[PDB]
Amino acid sequence: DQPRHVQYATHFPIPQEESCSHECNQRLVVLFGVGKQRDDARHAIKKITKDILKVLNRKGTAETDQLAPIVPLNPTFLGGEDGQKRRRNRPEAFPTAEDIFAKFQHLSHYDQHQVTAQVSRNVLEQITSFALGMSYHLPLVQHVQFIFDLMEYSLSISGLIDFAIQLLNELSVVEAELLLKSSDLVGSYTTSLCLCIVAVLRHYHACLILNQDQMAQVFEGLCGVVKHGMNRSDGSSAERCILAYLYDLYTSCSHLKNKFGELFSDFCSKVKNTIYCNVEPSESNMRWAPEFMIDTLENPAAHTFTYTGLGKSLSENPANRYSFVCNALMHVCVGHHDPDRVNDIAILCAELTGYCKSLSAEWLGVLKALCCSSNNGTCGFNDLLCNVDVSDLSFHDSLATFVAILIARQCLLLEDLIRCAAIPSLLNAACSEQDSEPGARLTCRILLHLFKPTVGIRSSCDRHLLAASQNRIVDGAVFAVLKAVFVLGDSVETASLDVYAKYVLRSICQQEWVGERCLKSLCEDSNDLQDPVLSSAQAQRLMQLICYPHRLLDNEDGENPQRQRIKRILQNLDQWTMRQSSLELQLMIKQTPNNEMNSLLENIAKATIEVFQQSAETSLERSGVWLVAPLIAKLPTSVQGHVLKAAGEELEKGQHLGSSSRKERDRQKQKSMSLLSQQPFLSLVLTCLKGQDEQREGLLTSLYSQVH
């Protein structure tokens, strides 16, 4: 049939545009050959996407389009896919088309040019029409969500920088022509679309670093236009991550401004200075101040309210804790499990507390109350089990989705959970066994839901939100919360109760993002995993889980399972994971107790001397043992020096076996060379000859042995 190379003909993309107008456009077609299809392929590839925009550009109704599946006689499989697009009729929870899925499968960068040029003509015709004298209508938001969910299949890179370029350019045109009108519609749909571009560039962090020769200096131009004129509703959009994440560019030129405020000079200095030095918080306490029945008075639909006016309202009382927690939980037990309701209640309540950044440090009481008995009271929790169904887990996906929405705000800090949550959970099971027994398993499942057998879910836009916000928290103490899970232990439903304590060990490490953070963390330093809080036996029983998930499951076997565990640490590593393969040794070498340092030397010496004899008696696959020397070289030579100076004479005694026939002496020589024909022997003593005492005695014995 077909060979392998014909499938990759479509897998050769050209990312850079405008290569050669006369040459590259005209010469590329004739490589495959002639075809009527390819000429009509260009005729209808834009036609299928122009129709859906012309009813959006001109706001054409859907009732005027009925003859689109009726006219074309050819609906072939791509053409017939055009006709079925009118079978869905009304909008629904409809997946993408198979062709658009197939463009994610193959040819994702050839077609990325037309779709990015398709949206380029849409965003530029409006800017010639918004200023044409009639269009003062703000851009809609309902089409924004569906257009990022479909553009991401092409793996676009050029679609990010151009839109960021054009939006800052057009707003300077707006202020020169639309500032004097002074309307009240400013910032309702532009600021919402402002953070959409910022967040999608955060998911494309490689593209934002290559344009730094005008990135920083444009922000004074685009933000400074509103201040010099009569500024209405100040600036609705303010950048937050710029003044903290950028460090390198300020060494060129640094300048100061003096147009902030009489008491806001220190305030707006700290608006830019958000790196450290937290100011003194709200001294008035925020515990049990609101009682009940206050959410009906306020309307979050009116977006015209401001953060500055919110300060005077909360200056009277910081009372935004209790009456909204009860309002939220009473509402969610009224509404159904439909996806529209559960996502909206998290995001609408978010902007109430989004500018209430002091409210971000008081949410611990929803878990601190049930964890400890310092709150006292027994009847306060019985109703909280009356409204919880523990048997059903399909509706626990919604609260698993809520905490994904809760972590997606990127301004809620969970650094209190390291100190005051995982540590007493050790003593929670230690002090009480039959009383707080659900506390171990309830904290087991909810942390799994934070870091999600598996089934392929269609969700992709919010699926990538969990890993994007993961690295925003430092990795200094997060694994201490992880280890506190592991040290506490010391058909899915068919499993019994006791076996779940062991599958959680695998399932936590099953996530590829869990494993890769531990692998990268040791690249800088290992002092954080040598803390005496960490366990002895349980630490290295999961290093083989840390290193690779797709390896075969090693089994507990025999009276001496560590005997074969020492003997396979050479074979299991390959010639490509050379970084962490030697890193696992010095952790378990130092974990070995001091009473058996003597037995811990000759094992690694003799491990490398029967790795050569099985090829002596009877290339790139065998290049791994031909290149174990880089692993040995990146080791403390105090251990290496004693075990390799011992390796010399035991391989210089391998040829010294006589007391038999003359002819067997020659065979035991040449079998010894075939296991001693390794250039790494010359390099292992090369490490050893630095920082040694004397090793000239061993080769004296060989010289004398053969001189006769």
# chains A, B, ... in the order shown; residues from 1 in each chain; ligands from 1
>>> residues_around(residues="residue 525 in chain A", least_positions_apart="5", cutoff="12 Å", atoms="only C-alpha atoms", output="ChimeraX atom specification")
/A:475-476,518-520,530,583
>>> closest_residue(among="A:556, A:220, A:610, A:602", to="residue 646 in chain A", atoms="only C-alpha atoms")
A:602
>>> closest_atom_pairs(of="range 65-145 of chain A", to="range 153-162 of chain A", cutoff="12 Å", atoms="only C-alpha atoms", output="JSON lines")
{"residue": "A:96", "atom": "CA", "partner": "A:153", "partner_atom": "CA", "distance": 10.4}
{"residue": "A:97", "atom": "CA", "partner": "A:153", "partner_atom": "CA", "distance": 11.7}
{"residue": "A:98", "atom": "CA", "partner": "A:153", "partner_atom": "CA", "distance": 11.9}
{"residue": "A:99", "atom": "CA", "partner": "A:153", "partner_atom": "CA", "distance": 11.1}
{"residue": "A:100", "atom": "CA", "partner": "A:153", "partner_atom": "CA", "distance": 7.6}
{"residue": "A:101", "atom": "CA", "partner": "A:153", "partner_atom": "CA", "distance": 7.5}
{"residue": "A:102", "atom": "CA", "partner": "A:153", "partner_atom": "CA", "distance": 9.2}
{"residue": "A:103", "atom": "CA", "partner": "A:153", "partner_atom": "CA", "distance": 7.0}
{"residue": "A:104", "atom": "CA", "partner": "A:153", "partner_atom": "CA", "distance": 4.8}
{"residue": "A:105", "atom": "CA", "partner": "A:153", "partner_atom": "CA", "distance": 8.5}
{"residue": "A:106", "atom": "CA", "partner": "A:154", "partner_atom": "CA", "distance": 9.3}
{"residue": "A:107", "atom": "CA", "partner": "A:154", "partner_atom": "CA", "distance": 8.1}
{"residue": "A:108", "atom": "CA", "partner": "A:154", "partner_atom": "CA", "distance": 4.4}
{"residue": "A:109", "atom": "CA", "partner": "A:154", "partner_atom": "CA", "distance": 5.9}
{"residue": "A:110", "atom": "CA", "partner": "A:154", "partner_atom": "CA", "distance": 8.7}
{"residue": "A:111", "atom": "CA", "partner": "A:154", "partner_atom": "CA", "distance": 7.5}
{"residue": "A:112", "atom": "CA", "partner": "A:154", "partner_atom": "CA", "distance": 5.8}
{"residue": "A:113", "atom": "CA", "partner": "A:158", "partner_atom": "CA", "distance": 8.8}
{"residue": "A:114", "atom": "CA", "partner": "A:154", "partner_atom": "CA", "distance": 11.0}
{"residue": "A:115", "atom": "CA", "partner": "A:154", "partner_atom": "CA", "distance": 9.3}
{"residue": "A:116", "atom": "CA", "partner": "A:159", "partner_atom": "CA", "distance": 6.1}
{"residue": "A:117", "atom": "CA", "partner": "A:159", "partner_atom": "CA", "distance": 9.1}
{"residue": "A:118", "atom": "CA", "partner": "A:159", "partner_atom": "CA", "distance": 11.0}
{"residue": "A:119", "atom": "CA", "partner": "A:159", "partner_atom": "CA", "distance": 9.2}
{"residue": "A:120", "atom": "CA", "partner": "A:162", "partner_atom": "CA", "distance": 8.8}
{"residue": "A:123", "atom": "CA", "partner": "A:162", "partner_atom": "CA", "distance": 10.9}
{"residue": "A:124", "atom": "CA", "partner": "A:162", "partner_atom": "CA", "distance": 11.6}
>>> residues_around(residues="residue 604 in chain A", least_positions_apart="4", cutoff="8 Å", atoms="only C-alpha atoms", output="PyMOL selection string")
chain A and resi 600+608+643
>>> select_by_dssp(residues="range 195-316 of chain A", states="alpha helix (DSSP H)", output="PyMOL selection string")
chain A and resi 195-202+218-228+242-245+264-272+307-316
>>> closest_residue(among="A:256, A:190, A:371, A:136", to="residue 442 in chain A", atoms="only C-alpha atoms")
A:371
>>> closest_residue(among="A:527, A:469, A:25, A:126", to="residue 58 in chain A", atoms="only C-alpha atoms")
A:126
>>> atom_distance(atom1="CA of residue 404 in chain A", atom2="CA of residue 424 in chain A")
25.2 Å
>>> residues_around(residues="residue 321 in chain A", least_positions_apart="5", cutoff="12 Å", atoms="only C-alpha atoms", output="number ranges by chain")
A: 285-292, 294-295, 326-328, 352-353, 356, 358-366
>>> write_last_selection(atoms="N, CA, C and O atoms", output="mmCIF file, in the first residue's frame")
data_model
loop_
_atom_site.group_PDB
_atom_site.id
_atom_site.type_symbol
_atom_site.label_atom_id
_atom_site.label_comp_id
_atom_site.auth_asym_id
_atom_site.auth_seq_id
_atom_site.Cartn_x
_atom_site.Cartn_y
_atom_site.Cartn_z
ATOM 1 N N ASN A 285 -12.387 43.701 62.087
ATOM 2 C CA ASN A 285 -12.546 42.277 61.829
ATOM 3 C C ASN A 285 -13.740 42.022 60.915
ATOM 4 O O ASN A 285 -14.659 42.838 60.811
ATOM 5 N N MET A 286 -13.714 40.872 60.242
ATOM 6 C CA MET A 286 -14.736 40.507 59.269
ATOM 7 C C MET A 286 -15.389 39.169 59.607
ATOM 8 O O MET A 286 -15.670 38.368 58.713
ATOM 9 N N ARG A 287 -15.637 38.911 60.889
ATOM 10 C CA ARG A 287 -16.187 37.635 61.335
ATOM 11 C C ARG A 287 -17.590 37.844 61.896
ATOM 12 O O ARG A 287 -17.766 38.583 62.872
ATOM 13 N N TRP A 288 -18.576 37.190 61.270
ATOM 14 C CA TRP A 288 -19.976 37.165 61.718
ATOM 15 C C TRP A 288 -20.594 38.559 61.812
ATOM 16 O O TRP A 288 -21.468 38.806 62.645
ATOM 17 N N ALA A 289 -20.154 39.481 60.958
ATOM 18 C CA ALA A 289 -20.756 40.811 60.912
ATOM 19 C C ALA A 289 -22.070 40.844 60.121
ATOM 20 O O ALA A 289 -23.046 41.410 60.630
ATOM 21 N N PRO A 290 -22.182 40.280 58.906
ATOM 22 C CA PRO A 290 -23.506 40.249 58.271
ATOM 23 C C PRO A 290 -24.299 39.027 58.710
ATOM 24 O O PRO A 290 -23.764 37.922 58.836
ATOM 25 N N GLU A 291 -25.586 39.231 58.979
ATOM 26 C CA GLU A 291 -26.375 38.098 59.440
ATOM 27 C C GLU A 291 -27.135 37.423 58.306
ATOM 28 O O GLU A 291 -26.817 36.287 57.945
ATOM 29 N N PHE A 292 -28.091 38.126 57.696
ATOM 30 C CA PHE A 292 -28.977 37.515 56.710
ATOM 31 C C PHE A 292 -29.642 38.588 55.861
ATOM 32 O O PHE A 292 -29.747 39.748 56.272
ATOM 33 N N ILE A 294 -29.525 40.305 52.696
ATOM 34 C CA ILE A 294 -28.998 41.571 52.195
ATOM 35 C C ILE A 294 -28.718 41.562 50.697
ATOM 36 O O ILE A 294 -28.537 42.640 50.101
ATOM 37 N N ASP A 295 -28.700 40.406 50.026
ATOM 38 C CA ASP A 295 -28.354 40.349 48.608
ATOM 39 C C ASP A 295 -29.445 40.901 47.698
ATOM 40 O O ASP A 295 -29.141 41.281 46.562
ATOM 41 N N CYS A 326 -24.385 31.918 52.813
ATOM 42 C CA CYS A 326 -25.692 31.290 52.983
ATOM 43 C C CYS A 326 -26.587 31.520 51.773
ATOM 44 O O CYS A 326 -27.379 30.641 51.417
ATOM 45 N N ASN A 327 -26.484 32.691 51.141
ATOM 46 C CA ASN A 327 -27.268 32.962 49.939
ATOM 47 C C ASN A 327 -26.829 32.074 48.781
ATOM 48 O O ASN A 327 -27.663 31.633 47.982
ATOM 49 N N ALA A 328 -25.525 31.810 48.671
ATOM 50 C CA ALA A 328 -25.025 30.973 47.585
ATOM 51 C C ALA A 328 -25.457 29.521 47.759
ATOM 52 O O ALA A 328 -25.934 28.890 46.811
ATOM 53 N N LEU A 352 -17.984 40.894 42.470
ATOM 54 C CA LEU A 352 -18.317 41.552 43.731
ATOM 55 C C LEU A 352 -17.114 41.576 44.664
ATOM 56 O O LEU A 352 -16.852 42.582 45.333
ATOM 57 N N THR A 353 -16.369 40.474 44.722
ATOM 58 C CA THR A 353 -15.205 40.350 45.587
ATOM 59 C C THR A 353 -13.885 40.450 44.834
ATOM 60 O O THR A 353 -12.825 40.315 45.454
ATOM 61 N N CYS A 356 -12.493 43.519 45.925
ATOM 62 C CA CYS A 356 -12.342 43.353 47.368
ATOM 63 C C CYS A 356 -11.190 42.380 47.602
ATOM 64 O O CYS A 356 -11.372 41.204 47.925
ATOM 65 N N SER A 358 -9.011 42.481 49.963
ATOM 66 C CA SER A 358 -8.904 42.098 51.366
ATOM 67 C C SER A 358 -9.820 40.932 51.707
ATOM 68 O O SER A 358 -9.577 40.238 52.701
ATOM 69 N N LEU A 359 -10.863 40.701 50.909
ATOM 70 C CA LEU A 359 -11.712 39.529 51.065
ATOM 71 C C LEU A 359 -11.043 38.246 50.591
ATOM 72 O O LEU A 359 -11.574 37.162 50.845
ATOM 73 N N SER A 360 -9.902 38.342 49.911
ATOM 74 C CA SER A 360 -9.168 37.171 49.451
ATOM 75 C C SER A 360 -8.385 36.483 50.562
ATOM 76 O O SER A 360 -7.825 35.408 50.325
ATOM 77 N N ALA A 361 -8.328 37.070 51.758
ATOM 78 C CA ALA A 361 -7.587 36.508 52.880
ATOM 79 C C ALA A 361 -8.495 36.102 54.035
ATOM 80 O O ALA A 361 -8.041 36.038 55.182
ATOM 81 N N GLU A 362 -9.774 35.827 53.760
ATOM 82 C CA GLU A 362 -10.707 35.460 54.816
ATOM 83 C C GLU A 362 -11.630 34.309 54.432
ATOM 84 O O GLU A 362 -12.623 34.075 55.131
ATOM 85 N N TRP A 363 -11.330 33.570 53.366
ATOM 86 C CA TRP A 363 -12.187 32.473 52.935
ATOM 87 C C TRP A 363 -11.860 31.154 53.625
ATOM 88 O O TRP A 363 -12.496 30.141 53.317
ATOM 89 N N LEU A 364 -10.891 31.139 54.542
ATOM 90 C CA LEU A 364 -10.478 29.900 55.197
ATOM 91 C C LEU A 364 -11.515 29.372 56.179
ATOM 92 O O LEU A 364 -11.451 28.190 56.536
ATOM 93 N N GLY A 365 -12.465 30.203 56.614
ATOM 94 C CA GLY A 365 -13.418 29.796 57.633
ATOM 95 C C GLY A 365 -14.415 28.750 57.181
ATOM 96 O O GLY A 365 -15.046 28.107 58.027
ATOM 97 N N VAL A 366 -14.576 28.562 55.869
ATOM 98 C CA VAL A 366 -15.491 27.537 55.380
ATOM 99 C C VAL A 366 -14.904 26.144 55.579
ATOM 100 O O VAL A 366 -15.642 25.152 55.612
#
>>> atom_distance(atom1="CA of residue 235 in chain A", atom2="CA of residue 168 in chain A")
14.1 Å
>>> residues_around(residues="range 665-674 of chain A", least_positions_apart="3", cutoff="10 Å", atoms="only C-alpha atoms", output="number ranges by chain")
A: 612-618, 651-662, 677-678
>>> residues_around(residues="residue 273 in chain A", least_positions_apart="5", cutoff="9 Å", atoms="only C-alpha atoms", output="list in words")
residues 243, 244 and 268 of chain A
>>> atom_distance(atom1="CA of residue 684 in chain A", atom2="CA of residue 548 in chain A")
27.9 Å
>>> residues_around(residues="residue 351 in chain A", least_positions_apart="2", cutoff="12 Å", atoms="only C-alpha atoms", output="PyMOL selection string")
chain A and resi 192+300-303+305-307+344-349+353-357+359+406+409+411
>>> closest_residue(among="A:200, A:223, A:465, A:277", to="residue 238 in chain A", atoms="only C-alpha atoms")
A:223
>>> closest_residue(among="A:487, A:647, A:601, A:385", to="residue 427 in chain A", atoms="only C-alpha atoms")
A:487
